[PDB]
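Chains as they are written, first to last, in the numbering used here: chain Y, 24 to 367; chain C, 24 to 367; chain V, 24 to 367; chain E, 24 to 367. C-beta atoms are modelled at their ideal positions from N, C-alpha and C, and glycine is treated no differently. For reference, the structure is listed below as structure tokens.
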Ligand SMILES: CC(C)CCC[C@@H](C)[C@H]1CC[C@H]2[C@@H]3CC=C4C[C@@H](O)CC[C@]4(C)[C@H]3CC[C@]12C
Ligand SMILES: CC(C)CCC[C@@H](C)[C@H]1CC[C@H]2[C@@H]3CC=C4C[C@@H](O)CC[C@]4(C)[C@H]3CC[C@]12C
Ligand SMILES: CC(C)CCC[C@@H](C)[C@H]1CC[C@H]2[C@@H]3CC=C4C[C@@H](O)CC[C@]4(C)[C@H]3CC[C@]12C
Ligand SMILES: CC(C)CCC[C@@H](C)[C@H]1CC[C@H]2[C@@H]3CC=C4C[C@@H](O)CC[C@]4(C)[C@H]3CC[C@]12C
Ligand SMILES: CC(C)CCC[C@@H](C)[C@H]1CC[C@H]2[C@@H]3CC=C4C[C@@H](O)CC[C@]4(C)[C@H]3CC[C@]12C
Ligand SMILES: CC(C)CCC[C@@H](C)[C@H]1CC[C@H]2[C@@H]3CC=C4C[C@@H](O)CC[C@]4(C)[C@H]3CC[C@]12C
Ligand SMILES: CC(C)CCC[C@@H](C)[C@H]1CC[C@H]2[C@@H]3CC=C4C[C@@H](O)CC[C@]4(C)[C@H]3CC[C@]12C
Ligand SMILES: CC(C)CCC[C@@H](C)[C@H]1CC[C@H]2[C@@H]3CC=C4C[C@@H](O)CC[C@]4(C)[C@H]3CC[C@]12C
Ligand SMILES: *[C@@H]1O[C@H](CO)[C@@H](O)[C@H](O)[C@H]1NC(C)=O
Ligand SMILES: *[C@@H]1O[C@H](CO)[C@@H](O)[C@H](O)[C@H]1NC(C)=O
Ligand SMILES: *[C@@H]1O[C@H](CO)[C@@H](O)[C@H](O)[C@H]1NC(C)=O
Ligand SMILES: *[C@@H]1O[C@H](CO)[C@@H](O)[C@H](O)[C@H]1NC(C)=O
């Protein structure tokens, strides 16, 4: 039913499932905006496919040819099925709009499924190629941040009663390499191109005259070519073509609204803001150097992933509340850190 | 069946499922009133869609055109399907009420699903954008309250046998920022606007003459335009239109009753009452300062979320019972706190 | 099937599911009588809806109009569907009993579902508004009782080899407030009113002549108004109306039997008997004062909830067996308590 | 399918599910004979309902009226559905056996479901009212038996290298109260009465002439009353009536065989034999006094429940093997108990 399709595709965790494995425990591995874009671009065409053939919206068979009254039920059924299979056969049918509109009307669900698969492909390539590496690197970075926070609080407590910036060096090294950012931009660009092509197709499909679904059909090949009792042609109409056009314009609207989001996503350096690591600069055990901005490198992408999935880090949360309290400046950062006692 | 739909949509945890993740363990992340509003506004139109096409209420096909007796079964089926697809084609049909009523009668389930999706969108945006931040902040606040309660009871026990207000400073800082409250008000306002538009549409749909479902249909395009055996027109009726109007007025009543709730929700500062933190003011380790009221800021929203999901805090419950006992004034707050022995 | 519906709605845990959350572990949060009343009042109309359209009891379509023999199958189907949709349209049909009986016959499942939803609403309001508070308070009370029992047995063992009545003070304070009892009485009263209205409706529906299901139908609007081959009217009958009346009288009987139960529930103070706390009065560490009776206050409701869900408390069970043994008076209460050794 | 129904209702744990809660861990809370009686009396009529309308045994529709050849398919369908709905309407039909046989033939599944529900009601009342109390009491009794066994074995080991009969006093007190036994006897008696009424009904239904399923039907009310082309009456037959009678006699046989079991159950004191507590009399720490027999009191019912669900007690099992070995008398009870070393 329509409501069942809605529950499956919008109100359920459709493509929102976290990786089912212990390797990525709590790691999104995909930005929220990218996940939203993929979920829409994939589950919208599927939802429209399901809707267009819902038991309520669908009168019945997808084509009716209006055989003569003399024709029996199965003769008329032969006519309808023959014309359905003959939309491909150009000789059999003669339609003013041509045969491409008939092909599109017959295979619209296939085309929507193709667009959905093509849009799901780049996210899958990301999740299967560049996701494990970033997952491992980000897990190491979070562990290093937790360890340095613990060491700093232990030092502060000892004072009240190595020291090498490994994480900073690793981030600096990531500043050079750009394979991950190149893959990310390539997959986003392919998604954008697929969306644009889908928009072109949907606009063309919705621009039809709405009468191209009606085509003339001739069961006059073979032994029936010279038969007399059979009329030379029939009036066939492809039902649900109006529904297809409505859903196609809906998908076109959604995709044109979505494309600016993908374009904004492509410009990762601009998105790289609100320095996540700036909060850690007040730790004595952490060097006061952010050095993450203004670069078409994997460093900006790692900064984005950190700003996305750093809320799960207790040390980061503690430092963030310390920073927020520092806005008033009533107290002292080391005193607040010592009082917090948030090692684990 | 009707009962199955009821069990799924009203008697089950439809959209009442808690976040399936360890990040939010026991945190609602959504006020009870907001959750009720979203659940109604989403699962009502879906329930009505399912009901309108229930196997019992539905006689059968959604349109019947009453072809002549001479017409065969599949000729009549062609007529019915053609008219169903031609509700869009204005030339084919001539109805007194126009063609918009026919469009609405055909696509009412789609319109209800659209309203449900549009009403579910703002809650989803909230849960995916502003929910993680408030979850982390509120978890930190609850942990700080538990820790300060433990410290105060330990101090009392030591007396019987830092001290910095970090949580108060954090709340004071939240008094300034307003991004969360702005997002909350924006999503509530969008929900209200969607509800009002849905009410307008449902009122228009229910105001129809009830005879607009009957339209005249002409299969007279193409080779059949000059055919003689076919009548110039047919009498088609869209079944289930009365059911659609009944369910639409039901939804209109529900939404007009719900809109005052959304308006009351918009005025969060008025809702900010019954100070949750007032109970903690009797703790020696906690400063006697509430400072949370009369502000279009995130502080009021945090106060609401605390008053919502603070019952899970054992320290808060203990302080609440101490406060309630203090109404009589027979005993002493520190003595009762020491006797409680409710560290964990 | 009928047996499947029975298993789902009477032999299964339909609305008998305990709260699926760790917050309420073993707490009913709903009295047994109230749960029975809600389960009946909700799952009876749903069961009757399912039964009335069971594949065995149902001959087929819900209306047959007996078109002339000259009419084709789909002409007759048009007639039947038109009349089904025209029960609303007063002009189309002319029935002796009127049009309200036809409306009721068509929408009886909807009306039963409406009554079920309206009866499920007050229980849901209770469980979502006043259940968390009573759950927290009752959990605290049980924990306090366990702690005082442990302290008393420890003192007895020490003798053989604070002391403040916090729980008693909390109960005394609850004696004043009445918001929970007011909400309980309001929800019970609304349930009673809904049940009475349902009884009125079912009595009216069952009082019909049983021939109102037969109505005269006229497909004579539009181009067919002046058509000659079509008869001026048809004889239509709404099938399953007898089944609807039978199930409606069954529901009426059940609801009239249930209403006295709801009225008895409304009088909570009378139900407040068999003092649960009287057993704890023999503990040296517990003050000898019950002070819970004769009040339209939340104290009586808390006493009811205690008498309901106190069997899970080991200390209460031990004190109950001590009390029962004290009926003979052969031994001594402190000696029996010491011998029991039931700390945990 | 038939085999699926059999698997669900006889070969599966239909109504044999243990209470899904930690409160009753391993406690039957229902005697084996009572559970068997309830399972049969409930799942037999449901199984017969399912069988009577199985896709294999069922030819098709439940009534056929044999309309004239001139009648079209949907005219004949109208006739059949009209007569199906008119079995209630006495004026419409004229049958030699009357109208009650037709009512019974139409609503036999409803009557079987009613009997099943009425037979399931007393067991449900027991499980929801008197089951928690007996569960708690019996758990306490088992814990006391385990503790006294442990104390006795510890004393024996100490000798080789309070003392109050709390459980005996509790059982003696149970000797007085009789509310549980009264509820048990009342529910068993109601089950017996329901079974007898079901037997009466099934005997009456099976005693029919087998031709009462054939009734004369007249679609001659309304505009068709004076119509000429329609015959004055039709020959309608209610299919599956023979299957209903066969299954009804099967159920009658099962219930008459079952009723003696219920009568034997009612006489609980006679069932109270094979003293379970007699084995514990050899323990030095346990007083040598059974005092459980010859009483219409809850003590006999508790003895039955003990004899039912005491096999789970390791101490009871050990004492039972000691008793069995004592039949030969080769050894000594205290020596065997010491050698067993079965504390836990
Ligand atoms: C997904 C991508 C590939 C879709 C590409 C656009 C498709 C949908 C449409 C839009 C415009 C279309 C073209 C419009 C006009 C003509 C001229 C005609 O004589 C042959 C077909 C041809 C050449 C069409 C082929 C298909 C076409 C290119
Ligand atoms: C992503 C955005 C830009 C998509 C917007 C949809 C645009 C591309 C659509 C809307 C209407 C469409 C046109 C409608 C009709 C025709 C005439 C046909 O003989 C060739 C294709 C052509 C010229 C279409 C090309 C694509 C088109 C211009
Ligand atoms: C969800 C929102 C967009 C719904 C907006 C209201 C819709 C349902 C209805 C209510 C009143 C309607 C209008 C009423 C009157 C007219 C004048 C007519 O000559 C053209 C259509 C037009 C202009 C209608 C368009 C659709 C309309 C605006
Ligand atoms: C949220 C609340 C205010 C909704 C209440 C429903 C209101 C808006 C509904 C109920 C009846 C409706 C009117 C019914 C009939 C017409 C005539 C038509 O030619 C234009 C629209 C118009 C004028 C409708 C406008 C909207 C309307 C006034
Ligand atoms: C659930 C509640 C609202 C149901 C209320 C009772 C319903 C079922 C029935 C019972 C008696 C009925 C009334 C009986 C008589 C008349 C007089 C007639 O000229 C108009 C309808 C009217 C006024 C009926 C309206 C509907 C009615 C009130
Ligand atoms: C909860 C208890 C009291 C419900 C008992 C059912 C009662 C209320 C039912 C049973 C028969 C019913 C009556 C049957 C017939 C008519 C005639 C009609 O023109 C007006 C309503 C009226 C007068 C009904 C009113 C309600 C009624 C009296
Ligand atoms: C479950 C219980 C209520 C069933 C009771 C027995 C039912 C099945 C049957 C068995 C015998 C039957 C009775 C036999 C004879 C007559 C005399 C006739 O002129 C009216 C019906 C009446 C009075 C019957 C009513 C229904 C009846 C009582
Ligand atoms: C539990 C045991 C005793 C049930 C045995 C079934 C008995 C009660 C059945 C079997 C045959 C039945 C009888 C068959 C026929 C008739 C004639 C009818 O006009 C009145 C009922 C009457 C007289 C039935 C009464 C009940 C009956 C005697
Ligand atoms: C049909 O008859 C025509 C007559 O002109 C002939 O040319 C043609 O070959 C025939 N077709 C078949 C399939 O026999
Ligand atoms: C139908 O016949 C008419 C006669 O006036 C002619 O004008 C029209 O073109 C014909 N239509 C078709 C589709 O051949
Ligand atoms: C039907 O014919 C009658 C003849 O009196 C006329 O008044 C009426 O307008 C016609 N109806 C239609 C819909 O053409
Ligand atoms: C049918 O015709 C008879 C002729 O005697 C008449 O008495 C009766 O009222 C008519 N019935 C209807 C429903 O018009």
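**Q.** Beta-bridge pairing of residue 239 of chain V - partner residues as DSSP gives them
**A.** Working through the third chain from its first residue, we reach residue 239 of chain V at position 216. DSSP output for residue 239 of chain V lists V:117, V:258 as bridge partner(s).
Q. Is the shortest distance between the beta-carbon of residue 96 of chain V and the beta-carbons of chain C less than 8 Å?
A. Position 73 of the third chain holds residue 96 of chain V. Yes - at least one Cβ of chain C is within 8 Å of the one on residue 96 of chain V.
Q) Using a Cβ-Cβ distance under 8 Å, would residue 193 of chain C count as near chain Y? A) Along the second chain, read from residue 1 onward, the residue named residue 193 of chain C stands at position 170. Residue 193 of chain C counts as touching chain Y.
Q. Which residues have their C-beta within less than 7 Å of a heavy atom of ligand 1, listed in chain order?
A. Y:123, Y:220, Y:221, Y:223, Y:224, Y:227
Q. Leaving out five residues before and five after residue 277 of chain E in sequence, what residues of the same chain have Cβ atoms less than 7 Å from its Cβ?
A. On the fourth chain, position 254 is the one that residue 277 of chain E refers to. Excluding residues within five positions, the ones whose Cβ falls inside 7 Å are 63, 67.
Q.
Quick check on residue 136 of chain E - is its C-beta less than 8 Å from some C-beta in chain V?
A. Position 113 of the fourth chain holds residue 136 of chain E. Taking Cβ atoms only, chain V reaches closer than 8 Å to residue 136 of chain E, which makes this a yes.
**Q.** Closer than 7 Å: residue 277 of chain V CB and nearest ligand 4 heavy atom
**A.** As a working mapping, residue 277 of chain V is identified with position 254 in the third chain. No, ligand 4 has no heavy atom inside 7 Å of this Cβ.
(Q) For residue 87 of chain Y, list the residues DSSP reports as bridge partners. (A) Stepping through the first chain from its first residue, residue 87 of chain Y is reached at position 64. According to DSSP, which records beta bridges pairwise, residue 87 of chain Y is partnered with Y:260.
Q) Considering residue 122 of chain Y, what are the terminal residues of the alpha helix (DSSP H) in which it resides? A) Locating residue 122 of chain Y in the first chain gives position 99, where the first residue counts as 1. Run containing residue 122 of chain Y: none; DSSP gives neither H nor E here.
Q.
Alpha carbons only, please: which of V:146, V:336, V:71, V:243 is nearest the one belonging to residue 162 of chain E?
A. If you number the fourth chain from 1, residue 162 of chain E lands on position 139. The shortest C-alpha separation from residue 162 of chain E is found at V:336.
Q: My understanding is that residue 280 of chain C touches residue 222 of chain C, with C-beta atoms under 8 Å, so please give their C-beta distance in whole angstroms.
A: Locating residue 280 of chain C in the second chain gives position 257, where the first residue counts as 1. Locating residue 222 of chain C in the second chain gives position 199, where the first residue counts as 1. Incorrect: roughly 11 Å between the Cβ atoms, too far for contact.
Q: Give a yes or no on whether 8 Å exceeds the smallest Cβ distance from residue 271 of chain C to chain V.
A: Residue numbering aside, residue 271 of chain C sits at position 248 when the second chain is read from its first letter. No, its Cβ sits nowhere closer than 8 Å to a Cβ of chain V.
Q) What residues in its chain sit with their C-beta under 6 Å from that of residue 264 of chain C, if we drop five residues either side in the sequence? A) Your numbering for residue 264 of chain C matches position 241 in the second chain. Residues 128, 236 of the same chain have their beta carbon placed closer than 6 Å to that of residue 264 of chain C, with the five preceding and five following residues left out of the count.
Q | Inter-residue spacing [alpha-carbon to alpha-carbon] between residue 353 of chain C and residue 158 of chain V | A | Within the second chain, numbered from 1, the residue matching residue 353 of chain C stands at position 330. Within the third chain, numbered from 1, the residue matching residue 158 of chain V stands at position 135. Between residue 353 of chain C and residue 158 of chain V, the C-alpha separation is close to 26 Å.
Q: Starting from residue 114 of chain V, find everything on chain E with Cβ-Cβ shorter than 8 Å and list it in chain order.
A: Within the third chain, numbered from 1, the residue matching residue 114 of chain V stands at position 91. Going along chain E, no residue has its Cβ under 8 Å from residue 114 of chain V, so there is no contact; the nearest lies around 17 Å.
Q.
For chain C, check one thing: does any of its Cβ atoms lie closer than 8 Å to the Cβ of residue 19 of chain V?
A. Because residue 19 of chain V is not part of the residues shown, which for chain V are 24 to 367, the question remains open.
Q.
If contact is defined by three or more beta carbon pairs under 8 Å, each pair taking one atom from either stretch, is the stretch 65-81 of chain C in contact with the stretch 26-35 of chain C?
A. yes
Q.
Cutting at 7 Å between CB atoms, please list the residues of its own chain near residue 285 of chain V, excluding the five before and the five after it.
A. Counting from 1 along the third chain, the entry for residue 285 of chain V is found at position 262. Counting only Cβ-Cβ distances below 7 Å, and skipping sequence neighbours, we find 60, 211, 214, 215, 218.
Q | Cβ-Cβ distance between residue 271 of chain C and residue 228 of chain C below 8 Å | A | On the second chain, position 248 is the one that residue 271 of chain C refers to. On the second chain, position 205 is the one that residue 228 of chain C refers to. Contact: yes.
**Q.** beta-carbon residue 66 of chain Y near ligand 11 non-hydrogen atom, thresh 7 Å
**A.** Taking the first residue of the first chain as position 1, residue 66 of chain Y is located at position 43. Not one heavy atom of ligand 11 sits closer than 7 Å to the Cβ of residue 66 of chain Y.
Q: Give the secondary structure of residue 355 of chain V by DSSP, where H, G and I count as helix, E and B as strand, and everything else as coil.
A: Along the third chain, read from residue 1 onward, the residue named residue 355 of chain V stands at position 332. In this structure, residue 355 of chain V counts as coil in the three-state DSSP scheme.
(Q) Let me check you understand the geometry: is the CB of residue 262 of chain V closer than 7 Å to at least one non-hydrogen atom of ligand 9? (A) Locating residue 262 of chain V in the third chain gives position 239, counting from the first residue. No.
Q) Within 8 Å (strictly less), CB to CB, does residue 104 of chain C reach chain Y? A) Locating residue 104 of chain C in the second chain gives position 81, where the first residue counts as 1. Yes, residue 104 of chain C lies at the interface with chain Y (some Cβ there is under 8 Å from its Cβ).
Q) Is any beta-carbon of chain V found at less than 8 Å from that of residue 34 of chain C? A) Looking up residue 34 of chain C in the second chain gives position 11. Output row for residue 34 of chain C: interface = yes.
Q.
If I follow the unbroken alpha helix (DSSP H) through residue 66 of chain C, where does it start and stop?
A. The count along the second chain starts at 1 and reaches residue 66 of chain C at position 43. Run containing residue 66 of chain C: 55-75, per the alpha helix (DSSP H) assignment.
Q. Of all the beta strand (DSSP E) runs that stay within the bounds of the stretch 94-167 of chain Y, which reach a length of 3 or more residues?
A. DSSP assignment within the stretch 94-167 of chain Y yields no whole beta strand (DSSP E) run of 3 residues or more.
Q: Return helix, strand or coil for residue 308 of chain Y, following the three-state DSSP convention.
A: Position 285 of the first chain holds residue 308 of chain Y. Assignment of residue 308 of chain Y by DSSP, reduced to helix, strand and coil, places it in the coil class.
Q: Would you please verify whether the beta carbon of residue 334 of chain Y is less than 8 Å from any beta carbon of chain C?
A: The residue you call residue 334 of chain Y lines up with position 311 of the first chain. It does; some Cβ of chain C falls within 8 Å.
Q: Taking C-beta pairs closer than 9 Å, name the residues in chain V that residue 201 of chain C reaches, listed in chain order.
A: Numbered from 1 along the second chain, position 178 holds the residue referred to as residue 201 of chain C. Residues of chain V passing the Cβ test: none, with the nearest at roughly 29 Å.
Q. Is DSSP giving residue 227 of chain V helix, strand or coil here?
A. Position 204 of the third chain, counted from the start, is the residue given in the question as residue 227 of chain V. Residue 227 of chain V falls in the helix class under three-state DSSP.
Q) With contact counted as at least three CB pairs below 8 Å, one residue from each stretch, are the stretch 326-343 of chain E and the stretch 165-184 of chain E in contact? A) yes
Q) Among the residues of its own chain, which have a CB less than 8 Å from the CB of residue 24 of chain Y, if the five just before and after it don't count? A) As a working mapping, residue 24 of chain Y is identified with position 1 in the first chain. If we look at residue 24 of chain Y and ignore the five residues flanking it on each side, its Cβ neighbours are 77, 78, 79.
Q | residue 110 of chain Y to residue 133 of chain Y span [Cα, whole Å] | A | Taking the first residue of the first chain as 1, we reach residue 110 of chain Y at position 87. Taking the first residue of the first chain as 1, we reach residue 133 of chain Y at position 110. Looking at the two C-alpha atoms, the distance is approximately 15 Å.
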